[PDB]
Amino acid sequence: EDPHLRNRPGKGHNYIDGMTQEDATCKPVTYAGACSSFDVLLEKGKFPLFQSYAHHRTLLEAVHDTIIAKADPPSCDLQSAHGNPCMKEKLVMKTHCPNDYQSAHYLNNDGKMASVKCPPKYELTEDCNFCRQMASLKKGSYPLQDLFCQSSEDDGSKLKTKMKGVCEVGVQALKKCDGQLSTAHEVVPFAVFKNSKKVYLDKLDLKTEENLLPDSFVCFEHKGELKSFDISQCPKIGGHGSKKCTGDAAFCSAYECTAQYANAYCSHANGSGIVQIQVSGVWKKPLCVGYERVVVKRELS
């Protein structure tokens, strides 16, 4: 029912630095065109958390909107002899890469965007851990995690993973465990906050406060086919702008509506709003929330 999933909050840039050959349809993503770093997120059921929060930012969008910092280095060369800095974090993740990707990206333990990358024209293997030779490569990067992001000033410097009975989750050793342990790949929820590391969680509990801020709207104009349109051009009631706009009841409560004189139509974005997450009993406003499938070791005997 939502026809505006490609009408992106923010700049809407779904490319990774160093892979710019599909900028025409990824920078920004919009109604028209294919984008190998974004289109996979909308395949029904593949990325269920993002699809529940699809008017929030992807990881690449959050990087280009300066909400999430890039890791140093920003891509790891999987081919390199004697290693790369991503290998430990990547190996504890169980991931499936489709064929023909040169790059795949993820939110690392420090809360920054890292990526693994193959040479030309090498593709990642199915487990995303190696490169192999391949008609032609995709021009973007495969998102390894199901997540979504938003801006936040809420300090998470005292927040840390606390998981009952867990000794290790991903690359995080949580506590001393000298007994015999059990091991499994688990799909674990996590969040990243201002000034925190990745916080893995026993349970994902989210709430959304809807509002009438700009990222709560999607605006479109007619290509002279729909085209994404920036609401910042639209005058507020009592204010000025550079364009004429119209929209739904929520839009017209705050913005001028000029009906048949409008250059664009704006409507409230389904599911948008400020997201908070419950973490060790307290609600906090995260930068990003997601799931990843990682090795987990639990106390046993």
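Residues numbered from 1 in each chain as written, not as in the entry; some residues may be left out. Heavy atoms only, no water.

As stated in the entry header, the method of structure determination is X-ray crystallography and the reported resolution is 1.6000 Å.

Some points on the nonpolar core
Soluble globular proteins tend to bury their nonpolar side chains together. We apply this condition: Remark: nonpolar core denotes a set of buried residues (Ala, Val, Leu, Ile, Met, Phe, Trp, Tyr, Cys) joined through side-chain atoms within 4.5 Å. Think of it in three bands: with a 1.4 Å probe and only protein chains considered, a residue is buried below 20% of the maximum accessible area for its type, exposed above 50%, and partly exposed in between. Only heavy atoms matter for contacts: two residues are in contact if any of them lie within 4.5 Å across the pair.
Counting residues in each nonpolar core, the largest one holds 64 residues, and the members touching the most others are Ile68, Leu107, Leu124, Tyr142, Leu144, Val169 and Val294. Apart from residues lying up to four places away in sequence, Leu107 is in contact with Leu59, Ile68, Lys112, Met113, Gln145, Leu147, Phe190, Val192, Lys198 and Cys288.

Examining the packing of aromatic side chains
Which entries qualify depends on this criterion: Working definition: a ring pair exists when centres of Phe, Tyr or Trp rings (six-membered ring for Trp) sit within 6.5 Å. Plane angles under 30 degrees give stacked, over 60 give edge-to-face, the rest tilted. Consider the ring centre and the ring normal. A charge sits over the ring if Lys NZ or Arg CZ is within 6 Å of that centre and within 35 degrees of that normal.
For the coordinates displayed, the defined rule picks out nine aromatic pairs. Consider the rings of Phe251 and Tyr255, whose centres lie 4.5 Å apart with planes at 10 degrees: the pair is stacked. Among the residues examined, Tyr255 registers a relative accessible area of 4% and is labelled buried. These aromatic residues form a ring-pair network of at least three members: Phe47, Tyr101 and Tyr142. Directly above the ring of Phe190 sits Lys198, whose terminal nitrogen or CZ lies 5.1 Å from the centroid.

Concerning the pattern of salt bridges
How we decide: Whenever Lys or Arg places a side-chain nitrogen within 4 Å of a carboxyl oxygen from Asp or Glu, that contact is recorded as a salt bridge.
A complete count under the given rule lists 16 salt bridges for this structure. The closest approach of N and O atoms between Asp154 and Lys284, which form a salt bridge, is 2.9 Å. Accessibility expressed as a relative area gives 24% for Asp154, which makes it partly exposed. Here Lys227 and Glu221 are joined by a salt bridge, their closest N and O atoms 3.6 Å apart. Residue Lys227 is classed as partly exposed on the basis of its relative accessible area of 41%.

Points about the domain arrangement of the chain
Test applied: Domain start and stop points were drawn from an automatic or database domain assignment.
Partitioning the chain into structural domains gives domain 1 (23–149) and domain 2 (214–268). Computed over C-alpha atoms only, the centres of domain 1 and domain 2 are separated by 33 Å. Counting the contacts that link domain 1 with domain 2 gives one salt bridge. The residue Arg57 makes a salt bridge to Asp215 at a minimum N-O spacing of 2.9 Å.

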